[PDB]
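K.L.:
The structure is given below, and queries will be raised subsequently.
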Amino acid sequence: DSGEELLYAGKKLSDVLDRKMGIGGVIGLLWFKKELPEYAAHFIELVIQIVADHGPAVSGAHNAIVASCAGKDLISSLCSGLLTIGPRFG
Amino acid sequence: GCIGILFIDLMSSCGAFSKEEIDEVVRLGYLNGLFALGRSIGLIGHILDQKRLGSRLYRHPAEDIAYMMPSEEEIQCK
Amino acid sequence: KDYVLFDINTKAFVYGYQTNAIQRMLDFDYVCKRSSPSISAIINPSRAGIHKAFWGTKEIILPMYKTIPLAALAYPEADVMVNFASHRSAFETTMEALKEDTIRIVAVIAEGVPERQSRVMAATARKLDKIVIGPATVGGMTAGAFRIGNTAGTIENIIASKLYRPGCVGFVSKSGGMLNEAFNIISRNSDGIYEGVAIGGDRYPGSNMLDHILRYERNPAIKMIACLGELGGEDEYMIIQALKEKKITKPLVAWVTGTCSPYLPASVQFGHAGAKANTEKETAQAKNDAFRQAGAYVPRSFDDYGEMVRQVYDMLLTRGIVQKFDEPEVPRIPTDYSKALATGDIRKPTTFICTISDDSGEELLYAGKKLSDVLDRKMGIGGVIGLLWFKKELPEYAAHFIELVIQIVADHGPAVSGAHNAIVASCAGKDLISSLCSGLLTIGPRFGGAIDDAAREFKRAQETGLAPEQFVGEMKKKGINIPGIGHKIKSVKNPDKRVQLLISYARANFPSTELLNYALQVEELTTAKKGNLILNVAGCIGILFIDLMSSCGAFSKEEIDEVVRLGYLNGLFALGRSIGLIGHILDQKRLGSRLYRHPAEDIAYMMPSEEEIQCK
Amino acid sequence: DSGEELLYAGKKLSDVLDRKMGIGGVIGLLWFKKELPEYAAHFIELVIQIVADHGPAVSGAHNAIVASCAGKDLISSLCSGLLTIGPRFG
Amino acid sequence: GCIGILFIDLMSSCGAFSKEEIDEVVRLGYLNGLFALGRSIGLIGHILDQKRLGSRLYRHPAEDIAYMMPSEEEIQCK
Amino acid sequence: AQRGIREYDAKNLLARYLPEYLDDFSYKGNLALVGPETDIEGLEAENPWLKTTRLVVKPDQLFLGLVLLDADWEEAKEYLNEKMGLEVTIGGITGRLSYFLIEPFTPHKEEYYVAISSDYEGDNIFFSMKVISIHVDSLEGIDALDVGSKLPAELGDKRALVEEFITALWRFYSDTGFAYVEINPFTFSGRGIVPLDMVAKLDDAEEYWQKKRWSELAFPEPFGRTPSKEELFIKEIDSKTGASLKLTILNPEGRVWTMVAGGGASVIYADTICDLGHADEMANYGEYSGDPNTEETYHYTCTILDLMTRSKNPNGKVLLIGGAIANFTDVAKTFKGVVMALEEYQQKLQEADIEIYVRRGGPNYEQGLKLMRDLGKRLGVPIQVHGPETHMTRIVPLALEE
Ligand SMILES: CC(C)(COP(=O)(O)OP(=O)(O)OC[C@H]1O[C@@H](n2cnc3c(N)ncnc32)[C@H](O)[C@@H]1OP(=O)(O)O)[C@@H](O)C(=O)NCCC(=O)NCCSC(=O)C[C@@](O)(CC(=O)O)C(=O)O
Ligand SMILES: [Mg+2]
């Protein structure tokens, strides 16, 4: 972030967007430091959509709902639910 | 299990990763990040749903909890 | 060339994670105008990875390998190994490096290496046409080309002694520290050293002084040889014999230290392991006399060594054997920040201020008070909180009220939001810290975190002159719940004994309870409407804490206003309730509880229609 | 918490306080389900005081300070710092 | 290390714990709870100290970070 | 360093470990050492053979008219009760007799000599019955040599027995970390081999690899000198670090004390003091190097200061803190330890009329010299501070003449 333009694994944000690398392509750069093949970036995006939600009953959604019912802000409620992600859930 | 196994097949077959790179990804634990990132969409949705519903404070019902206190004898020794 | 040990193309491995030595080598490479560093890789037996260091002002990465064969296979161009292994592993690591076809020179730094091990290293080196400099040495250096580890110290010393450009003097000593002193002596009395080597002070070295002196004799760049030996052993007799056999034709300056020995007892063992004259032949007198008789330029004492160097150099200069050269440009290097800061040259502002504790001295301080004095005075947990949160040494009854609150709010069963979320995370197999934070993150306006707002709202109503009925009425009109009022299970029918226990303590120990008296009047009005609108434990803590601060004499009106505005008091509930949260987490682990999933029969799934999601 | 008076491992809160079991005695009940000897409850209290703080530079205090400088509420800032407690720190 | 080791000696010698109870305490991980609980006092203190000081938003100085981006060649293959 | 060991220890090592290389365990370990506080009746109960064998008793202090040959246990006690604590001059050194070896008397005719020493190419075995030298290469070993080709002149019946004995002796020398071994003389007990006198030196650098073989021995002080608590304290600091900290007291009442950095430079400072005619006033020979930490240099400085402030000398005393320009020893950290010790000895330094002279270069030397200059302005004792601009040993004539 220290230059004239933000770089994701050395690639200018402008070129990431002009090339339509998408969210999967951004994750390829930031997590793997690779410009992945298109079908590999689309598999990452497919996974995100498939696991987006699985109802309110699961541990993470349940804890986030309890924190939201307790009048908590979005970030605190989100982290309350993310902290259940471990060996049994997610 | 399906995501983890398929991601290994993806890394093994796409040509972009060496055997060492795949071993490093497996050892360090990248893939749970995918579930945290994806499931954050539904968590934020559930939080907002309760705010729109005007939901009240939850307290777990007593009838769903078996309160089984130790005896005085149990807390005095082993 | 066989006579050249190191040149400007020499690549090396540094065995041992010696970050200062690594930086010294790179700094020399930089001031000598090398294109790339003289270090190909670091051999770190404990870890493989990366090491970040400077190339002038720019940071570079050096690879780190666990073993010598792995590094050699990765960088076959590196033919030198600077060995910083201890005396316990110096032999096996040097022998491993000598067995590598691509390594030609090994410098052994370790002191305390057995004489037998050094004999075997020397013979192995001679058999394989390799070179061992050491053990017990700093190494040596080729001026303007390469340095072994720490040889010639600081860049300031390198510049002062003009070691960034070669001269005409081939130097060899036993002593490492004297090799650096000699670099200074020679630079002031000639055009400086071309190369300098310290063979170490052990009586069986990896390489003898003559090995290096013979290389200087073949090198056309060297017109003058200089050496500094010492008593004990017969190393110098190899030089005198070569001088007699006309194997050394270049003028040789020689001095053997240890002239003190006959004046002192025969039993005295000197610093270096080999510095003990067992026979008359081994003494400095016998060595300096044999050197004089062999044709060497021997001074009267060490004091006139530089003068003898000056005499021999001047002779070569007049005769035309050595040519005067133009001094190259003086190289520059940035000073390390830590050095400029230590010498007081620079100042740098701090980004943060800390007023509550200090861990940087001989003893931990809590608001300026030594931990020892906190404990000797039995200030307790309440007294520690007084120091760390309020920066006050509180009266004893005020510290005991803090401890009473912690015990009273420690747990209120598994059903409350925070305990419930911590239990769900523990049932999901989460560690204690994640499960604890999952439950602490429910502490807010409805559960637990009403203390700050209760203190704020009741203080405002009572201060601005509102009658309890006017306060109840005003909050109802704004549609705002009164914080610290109401409960899910406690009520007029089920009184909260925790509130009673806090009230009895304050009545028995606080000089005044004016805000409590006002709050109890508000409670009479709220409970008259609905029985569950009692003054709850959060409202009770906030209100009583205001009375405590107002009446204990330790807080000014401004300090109390700051405490209320900033929100200190919810910290008491977070701290206290963490005891019960950790307990609930551990209870589920002892019970072997399974993963929880909320029952479907407790959820009304009410999806919007297709029509609803298509428009507004 | 379901009866006329709160119980900590079967013992009434009133009796816990009348007997001056203290914070160490409360932890003995809630974590170990034991009424510990007095010197064992005092060792727990001694540990709490000794580890209360070790300056602002440690991971947990540093993260809590960064969250507080970012204008975060006390609970979010506290959890930001507690989440650094693991194998290297604490 | 001092707290963990001394707590084992405390449990072993106070008479209140059987060998099985001590083994359960060690296996399940109780003792890190003591540091979380104790250190929360100083964490809350540091949070409040920054609020009293009116501290500004922190951003880590760039001069303390070596930005070392991979080359285009590195991100295209392995 | 090569350190000499008692005849008792060398013969005990030979008795214990030589039967592992040689299959002639004819030489038993019948040895008794008598020190100053040795209870005769205890050693008599430990060695029953003493009362039933003919004995030999001689001093074992690394050395004639002092060896008592062929005697009874009663006659041995007479020699012991007379010679113990006897003031004797050997090699110009006057010391008291305190250690004696008692062993069985082996009646003999033959007297053969064997010695193992090392050179730059390997080890040399010397034998005589004039002297033959057999070289054993460092990499090849003894197995590569036919030792049999030795003296034909008188050997024949026992030529194979000596060949086997000296081959085993080399293995013993090589595996037990010896720097020198001399059996002058050795003899035969039927078909067995018996050592009569033994002189040995161990390479003290072998200690880490010889914990089991050297378990029963300790290095003795040379004849005349008594053990020093201060010297053993410095040796103790030196053993727990890769850095070097060495101290030898030459004359406790000496005016000139030195704290010089490096093995090389310390010898040169001693050379200069001797060249000015002050060898008699040289109180010690010492050195520190290999970048010792502040605490280590502090304890070292404290010990030199302690020994220097015990006696008050009329012309005062001089402390020479010298050294060459260091390659890696931090001058700021080492001199911080030196300054801390000088601060502690402030009253004792003024009362003893001590003058401090410093010359040093190396990493952070400007910061280190600044510490010494600031100290001299508040301590109350003269501290002359020099850097790399001053010739290394120029502080010696400046202190002893000027
Ligand atoms: C406690 C609760 C959320 C309950 O909610 P509920 O969901 O049952 O009720 P609501 O749906 O809000 O309304 C019901 C009807 O009463 C009216 N009404 C309610 N509260 C009113 C009020 N404060 N001022 C005026 N009017 C009020 C409201 O206007 C409506 O009346 P109406 O309009 O006529 O239809 C609620 O009182 C509330 O937010 N209080 C303020 C926050 C507060 O102080 N929290 C601390 C509680 S101590 C704690 O956290 C520690 C604990 O003890 C917890 C444990 O053990 O549980 C432990 O140690 O763990
Ligand atoms: Mg040294």
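Letters A, B, ... mark the chains of the structure tokens in the order given; residue numbers begin at 1 per chain; ligand numbers begin at 1, in order shown.
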Counting only C-alpha atoms and all ligand atoms, which residues of chain D fall within 12 Å of ligand 1, and what is the closest atom pair for each with its distance in Å at one decimal, ordered by chain and rising number, as CSV?

P.N.:
residue,atom,partner,partner_atom_place_in_ligand_line,distance
D:1,CA,ligand 1,56 (O),7.7
D:2,CA,ligand 1,56 (O),9.7
D:6,CA,ligand 1,59 (O),10.0

K.L.:
Give as an NGL selection string every residue of chain C that touches chain A within 7 Å, counting only C-alpha atoms.

P.N.:
:C and (417 or 421 or 424-425 or 428-430 or 434-435 or 438-439 or 441-442 or 444-447 or 595-599)

K.L.:
Generate a file of the selected residues that holds N, CA, C and O atoms, formatted as a PDB file, in the first residue's frame.

P.N.:
ATOM      1  N   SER C 417     -26.617 -15.078  28.121  1.00  0.00           N
ATOM      2  CA  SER C 417     -25.998 -15.005  26.789  1.00  0.00           C
ATOM      3  C   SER C 417     -24.511 -15.386  26.766  1.00  0.00           C
ATOM      4  O   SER C 417     -24.109 -16.198  25.960  1.00  0.00           O
ATOM      5  N   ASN C 421     -23.045 -18.807  25.037  1.00  0.00           N
ATOM      6  CA  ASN C 421     -22.185 -18.797  23.856  1.00  0.00           C
ATOM      7  C   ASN C 421     -20.835 -19.506  24.127  1.00  0.00           C
ATOM      8  O   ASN C 421     -20.298 -20.198  23.248  1.00  0.00           O
ATOM      9  N   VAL C 424     -21.525 -23.231  23.976  1.00  0.00           N
ATOM     10  CA  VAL C 424     -21.691 -23.682  22.600  1.00  0.00           C
ATOM     11  C   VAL C 424     -20.314 -23.816  21.914  1.00  0.00           C
ATOM     12  O   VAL C 424     -20.060 -24.832  21.293  1.00  0.00           O
ATOM     13  N   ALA C 425     -19.416 -22.849  22.107  1.00  0.00           N
ATOM     14  CA  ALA C 425     -18.063 -22.878  21.527  1.00  0.00           C
ATOM     15  C   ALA C 425     -17.271 -24.058  22.153  1.00  0.00           C
ATOM     16  O   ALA C 425     -16.568 -24.748  21.440  1.00  0.00           O
ATOM     17  N   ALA C 428     -18.385 -27.233  20.676  1.00  0.00           N
ATOM     18  CA  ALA C 428     -17.867 -27.307  19.302  1.00  0.00           C
ATOM     19  C   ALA C 428     -16.339 -27.674  19.311  1.00  0.00           C
ATOM     20  O   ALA C 428     -15.695 -27.657  18.271  1.00  0.00           O
ATOM     21  N   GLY C 429     -15.785 -28.027  20.483  1.00  0.00           N
ATOM     22  CA  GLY C 429     -14.401 -28.433  20.586  1.00  0.00           C
ATOM     23  C   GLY C 429     -13.442 -27.279  20.565  1.00  0.00           C
ATOM     24  O   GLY C 429     -12.287 -27.501  20.242  1.00  0.00           O
ATOM     25  N   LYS C 430     -13.891 -26.031  20.865  1.00  0.00           N
ATOM     26  CA  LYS C 430     -12.976 -24.897  20.839  1.00  0.00           C
ATOM     27  C   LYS C 430     -12.093 -24.860  22.076  1.00  0.00           C
ATOM     28  O   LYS C 430     -12.510 -25.310  23.160  1.00  0.00           O
ATOM     29  N   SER C 434     -10.732 -19.028  22.824  1.00  0.00           N
ATOM     30  CA  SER C 434     -11.724 -18.744  21.797  1.00  0.00           C
ATOM     31  C   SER C 434     -13.125 -18.796  22.403  1.00  0.00           C
ATOM     32  O   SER C 434     -13.947 -17.952  22.082  1.00  0.00           O
ATOM     33  N   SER C 435     -13.394 -19.833  23.245  1.00  0.00           N
ATOM     34  CA  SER C 435     -14.699 -20.030  23.876  1.00  0.00           C
ATOM     35  C   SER C 435     -14.998 -18.865  24.842  1.00  0.00           C
ATOM     36  O   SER C 435     -16.106 -18.324  24.834  1.00  0.00           O
ATOM     37  N   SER C 438     -15.825 -15.768  22.734  1.00  0.00           N
ATOM     38  CA  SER C 438     -17.143 -15.956  22.141  1.00  0.00           C
ATOM     39  C   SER C 438     -18.274 -15.478  23.131  1.00  0.00           C
ATOM     40  O   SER C 438     -19.202 -14.773  22.730  1.00  0.00           O
ATOM     41  N   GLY C 439     -18.143 -15.837  24.395  1.00  0.00           N
ATOM     42  CA  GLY C 439     -19.068 -15.414  25.437  1.00  0.00           C
ATOM     43  C   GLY C 439     -18.892 -13.966  25.896  1.00  0.00           C
ATOM     44  O   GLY C 439     -19.889 -13.260  26.038  1.00  0.00           O
ATOM     45  N   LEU C 441     -17.980 -11.458  24.121  1.00  0.00           N
ATOM     46  CA  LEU C 441     -18.490 -10.585  23.069  1.00  0.00           C
ATOM     47  C   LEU C 441     -20.013 -10.394  23.103  1.00  0.00           C
ATOM     48  O   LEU C 441     -20.526  -9.645  22.299  1.00  0.00           O
ATOM     49  N   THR C 442     -20.749 -11.065  24.010  1.00  0.00           N
ATOM     50  CA  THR C 442     -22.199 -10.821  24.156  1.00  0.00           C
ATOM     51  C   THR C 442     -22.451  -9.682  25.189  1.00  0.00           C
ATOM     52  O   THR C 442     -23.603  -9.252  25.349  1.00  0.00           O
ATOM     53  N   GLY C 444     -22.887  -6.308  26.618  1.00  0.00           N
ATOM     54  CA  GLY C 444     -23.320  -5.074  25.970  1.00  0.00           C
ATOM     55  C   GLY C 444     -24.528  -4.472  26.646  1.00  0.00           C
ATOM     56  O   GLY C 444     -24.703  -4.656  27.843  1.00  0.00           O
ATOM     57  N   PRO C 445     -25.390  -3.768  25.920  1.00  0.00           N
ATOM     58  CA  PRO C 445     -26.474  -3.022  26.601  1.00  0.00           C
ATOM     59  C   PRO C 445     -27.538  -3.868  27.305  1.00  0.00           C
ATOM     60  O   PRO C 445     -28.072  -3.421  28.325  1.00  0.00           O
ATOM     61  N   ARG C 446     -27.829  -5.078  26.818  1.00  0.00           N
ATOM     62  CA  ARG C 446     -28.881  -5.904  27.413  1.00  0.00           C
ATOM     63  C   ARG C 446     -28.346  -6.906  28.423  1.00  0.00           C
ATOM     64  O   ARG C 446     -29.014  -7.206  29.419  1.00  0.00           O
ATOM     65  N   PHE C 447     -27.135  -7.414  28.181  1.00  0.00           N
ATOM     66  CA  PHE C 447     -26.523  -8.415  29.044  1.00  0.00           C
ATOM     67  C   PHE C 447     -25.193  -7.883  29.559  1.00  0.00           C
ATOM     68  O   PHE C 447     -24.263  -7.658  28.777  1.00  0.00           O
ATOM     69  N   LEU C 595     -21.170 -31.690  20.150  1.00  0.00           N
ATOM     70  CA  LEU C 595     -21.472 -30.492  19.379  1.00  0.00           C
ATOM     71  C   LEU C 595     -22.986 -30.147  19.529  1.00  0.00           C
ATOM     72  O   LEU C 595     -23.825 -31.044  19.568  1.00  0.00           O
ATOM     73  N   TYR C 596     -23.305 -28.871  19.748  1.00  0.00           N
ATOM     74  CA  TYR C 596     -24.679 -28.432  19.863  1.00  0.00           C
ATOM     75  C   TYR C 596     -25.133 -27.943  18.483  1.00  0.00           C
ATOM     76  O   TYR C 596     -24.374 -27.283  17.744  1.00  0.00           O
ATOM     77  N   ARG C 597     -26.394 -28.191  18.169  1.00  0.00           N
ATOM     78  CA  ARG C 597     -27.022 -27.601  16.987  1.00  0.00           C
ATOM     79  C   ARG C 597     -28.386 -27.218  17.484  1.00  0.00           C
ATOM     80  O   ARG C 597     -29.044 -28.062  18.064  1.00  0.00           O
ATOM     81  N   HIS C 598     -28.794 -25.960  17.342  1.00  0.00           N
ATOM     82  CA  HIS C 598     -30.098 -25.519  17.869  1.00  0.00           C
ATOM     83  C   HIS C 598     -31.269 -26.330  17.258  1.00  0.00           C
ATOM     84  O   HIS C 598     -31.242 -26.604  16.084  1.00  0.00           O
ATOM     85  N   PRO C 599     -32.245 -26.827  18.071  1.00  0.00           N
ATOM     86  CA  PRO C 599     -33.312 -27.650  17.497  1.00  0.00           C
ATOM     87  C   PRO C 599     -34.165 -26.869  16.512  1.00  0.00           C
ATOM     88  O   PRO C 599     -34.577 -25.757  16.843  1.00  0.00           O
TER      89      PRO C 599
END

K.L.:
At a cut-off of 8 Å and counting only C-alpha atoms and all ligand atoms, what residues surround ligand 2? Please answer as a ChimeraX atom specification.

P.N.:
/C:111,136-137,175-177,271-272 /F:243-244,261-264,287-290

K.L.:
Fit chain B to chain E, using all C-alpha atoms paired in sequence order for the least-squares superposition, and then show me the result as a CSV table (one decimal) with C-alpha atoms, in the first residue's frame.

P.N.:
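selection00.csv, freshly written:
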chain,number,residue,atom,x,y,z
B,1,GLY,CA,6.3,-22.3,33.4
B,2,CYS,CA,6.5,-21.3,37.1
B,3,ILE,CA,2.6,-21.2,37.5
B,4,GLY,CA,2.0,-24.5,35.7
B,5,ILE,CA,4.7,-26.4,37.6
B,6,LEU,CA,3.7,-24.9,41.0
B,7,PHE,CA,0.0,-25.6,40.4
B,8,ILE,CA,0.9,-29.4,39.9
B,9,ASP,CA,2.8,-29.3,43.2
B,10,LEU,CA,-0.2,-27.6,44.9
B,11,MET,CA,-2.7,-30.1,43.5
B,12,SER,CA,-0.4,-33.1,44.4
B,13,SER,CA,0.2,-31.9,47.9
B,14,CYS,CA,-2.9,-30.2,49.2
B,15,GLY,CA,-4.8,-33.5,49.7
B,16,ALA,CA,-7.9,-32.2,47.8
B,17,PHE,CA,-7.2,-34.0,44.5
B,18,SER,CA,-6.8,-37.6,43.5
B,19,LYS,CA,-4.1,-38.7,41.0
B,20,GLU,CA,-7.1,-39.0,38.4
B,21,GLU,CA,-8.4,-35.5,39.1
B,22,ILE,CA,-4.9,-34.1,38.6
B,23,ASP,CA,-4.5,-36.0,35.3
B,24,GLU,CA,-7.9,-34.6,34.2
B,25,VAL,CA,-6.9,-31.0,35.1
B,26,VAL,CA,-3.6,-31.4,33.1
B,27,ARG,CA,-5.2,-33.1,30.1
B,28,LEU,CA,-8.2,-30.6,29.8
B,29,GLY,CA,-6.2,-27.4,30.1
B,30,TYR,CA,-7.4,-25.3,33.1
B,31,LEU,CA,-4.3,-23.3,33.9
B,32,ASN,CA,-4.1,-20.9,30.9
B,33,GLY,CA,-7.5,-19.6,32.3
B,34,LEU,CA,-5.5,-18.1,35.3
B,35,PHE,CA,-3.4,-16.0,32.9
B,36,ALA,CA,-6.4,-15.0,30.8
B,37,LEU,CA,-8.3,-13.9,34.0
B,38,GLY,CA,-5.3,-12.1,35.6
B,39,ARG,CA,-4.0,-10.4,32.5
B,40,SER,CA,-7.5,-9.1,31.7
B,41,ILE,CA,-6.9,-6.6,34.6
B,42,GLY,CA,-3.9,-5.1,32.8
B,43,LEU,CA,-5.6,-5.2,29.3
B,44,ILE,CA,-8.6,-3.3,30.6
B,45,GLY,CA,-6.2,-0.8,32.3
B,46,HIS,CA,-4.2,-0.3,29.0
B,47,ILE,CA,-7.5,0.2,27.1
B,48,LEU,CA,-8.7,2.9,29.6
B,49,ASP,CA,-5.2,4.5,29.7
B,50,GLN,CA,-5.4,5.2,25.9
B,51,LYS,CA,-9.0,6.5,26.2
B,52,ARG,CA,-7.8,9.0,29.0
B,53,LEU,CA,-4.7,10.0,26.9
B,54,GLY,CA,-7.0,10.8,23.9
B,55,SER,CA,-4.7,8.6,21.8
B,56,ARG,CA,-5.1,8.8,18.0
B,57,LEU,CA,-5.5,5.9,15.6
B,58,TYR,CA,-2.3,3.8,15.2
B,59,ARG,CA,-0.9,2.8,11.8
B,60,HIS,CA,2.3,0.7,11.9
B,61,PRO,CA,5.2,2.8,10.4
B,62,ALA,CA,6.2,1.8,6.8
B,63,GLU,CA,9.9,2.0,7.7
B,64,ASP,CA,9.4,-1.0,10.0
B,65,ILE,CA,8.1,-3.2,7.1
B,66,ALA,CA,10.1,-4.7,4.3
B,67,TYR,CA,7.7,-5.0,1.4
B,68,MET,CA,9.0,-7.8,-0.8
B,69,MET,CA,6.6,-8.6,-3.6
B,70,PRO,CA,7.0,-11.7,-5.7
B,71,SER,CA,8.0,-11.1,-9.4
B,72,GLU,CA,5.5,-11.6,-12.3
B,73,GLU,CA,7.3,-14.8,-13.1
B,74,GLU,CA,6.8,-16.1,-9.6
B,75,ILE,CA,3.0,-15.6,-9.6
B,76,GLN,CA,2.6,-17.2,-13.1
B,77,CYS,CA,3.9,-20.6,-12.3
B,78,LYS,CA,5.3,-22.4,-9.1

K.L.:
List every residue of range 348-592 of chain C that DSSP, applied to the backbone, labels as strand (DSSP E or B), and write the result as a PyMOL selection string.

P.N.:
chain C and resi 357-358+365-366+369-370+444+448+485+535
